[PDB]
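Consider the single chain below, provided in structure tokens and representing the form deposited in one PDB entry.
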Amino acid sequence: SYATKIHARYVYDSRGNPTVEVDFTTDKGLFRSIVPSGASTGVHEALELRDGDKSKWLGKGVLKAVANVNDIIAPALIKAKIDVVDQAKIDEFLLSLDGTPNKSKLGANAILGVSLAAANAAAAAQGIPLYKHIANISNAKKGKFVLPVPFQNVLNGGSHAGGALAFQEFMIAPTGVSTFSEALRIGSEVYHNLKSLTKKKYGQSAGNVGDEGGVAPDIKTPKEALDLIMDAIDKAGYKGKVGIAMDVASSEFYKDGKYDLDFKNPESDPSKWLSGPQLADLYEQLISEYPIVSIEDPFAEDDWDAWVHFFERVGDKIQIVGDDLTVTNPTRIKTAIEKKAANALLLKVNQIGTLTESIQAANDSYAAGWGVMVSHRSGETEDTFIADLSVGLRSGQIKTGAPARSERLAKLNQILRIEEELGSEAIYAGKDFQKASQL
């Protein structure tokens, strides 16, 4: 099976900004993939190509990226007649057209849609589900399929919501149940309880949501957020069954070698900005005070010494996830493994730009004993690729939003479909999320 037609268009993401959609046609039909887009994007991410025409979409058009697909990538790839099942060859071909380390000739947002749609087409060519094709090409361990713990960002801050809260994501992780369906039900019940409690304490507007569907109360401290979530877990009836995770996204508030926990205040007092050591101490206290099982981007994207020190302190007690640190990039992951800076990778296909490189990132992580959490971006779409990716890679953990806003539920609903299809051939990762690939 090879591409007969490849056509790109722009569509609107969940924030109302344009992004790239690719239609990849073979003998088996038309396969569509849509590229997501971040807000708190790491400086080391592959290039997201935007038009910069201030008169259209506030400079956020993707007409140039779409044209790169239609006029450069499409005719070259179609001429090549590459078997879509050979994902590595598809991706090698796409990388050859760009020839830059950060995909800055064509744009990662031109390349990725083609890479992902090829994988969908390949699944169809073999008459297998996408998650099985991914398990094949990633060399996942053979046995039961592992369904991921849904890490649900139920309270949004940082760059994803207006208000004072600096830390980006406060997540629940329903690890203390035996099935994915139960975990999603519990997440939805805790979330609804949280919405009710948030409106009662902070007013109706606090129950409106951030970019990823979490409630967005205007609060200044992590303690206030965590206390709210603990109350929701308790009032929903699931005390002791629900872990908490954070994405600090600390690069967003790293200034003058320090960390501003009031960074959205134009008049933030710089005498109150924390050093690396001061911020590390705050985490150690929170990890003791709350059932926090995972912290992501606790220090800035190149603040290696701070990660290394913190890992020495608490790496055996919690999952420590690289996101902006690692940017789903094997070269950065190598450095992080050598330095002992983290013990898990946040896997974002659009940080690196091809499925093959994303899978290499995952396998490099697994080889080092790391966990992998497959992730959405804050600018998401109706695309559901990451659901199948999370299952195929046997990650045992996915981050794809609060159980609100359908760019989030679309992924969670797809896992429900996968769970039903597999029946007893699947197990839910549950408490084993961190080492799920080995199960």
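Sequential numbering from 1, following the sequence displayed. Here the rigid core means the biggest group of C-alpha atoms that line up within 1.5 Å when the two forms are laid on top of each other.
Same protein, other form: the form deposited in another entry, not shown, and the subject of what follows.
When both forms sit on the same rigid core, the CA shifts between the shown form and the other one reach 2 angstroms or more only at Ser251 out of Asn193, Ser251, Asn363, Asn136. Relative to the superposed core, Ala166 shifts its CA atom by 2 Å or more between the shown form and the other one. With a cut-off of 2 Å and the rigid core superposed, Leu261 has a Cα displacement that reaches or exceeds the cut-off between the shown form and the other one. In the core-superposed comparison between the shown form and the other one, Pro148 has its Cα shifted by less than 2 Å.
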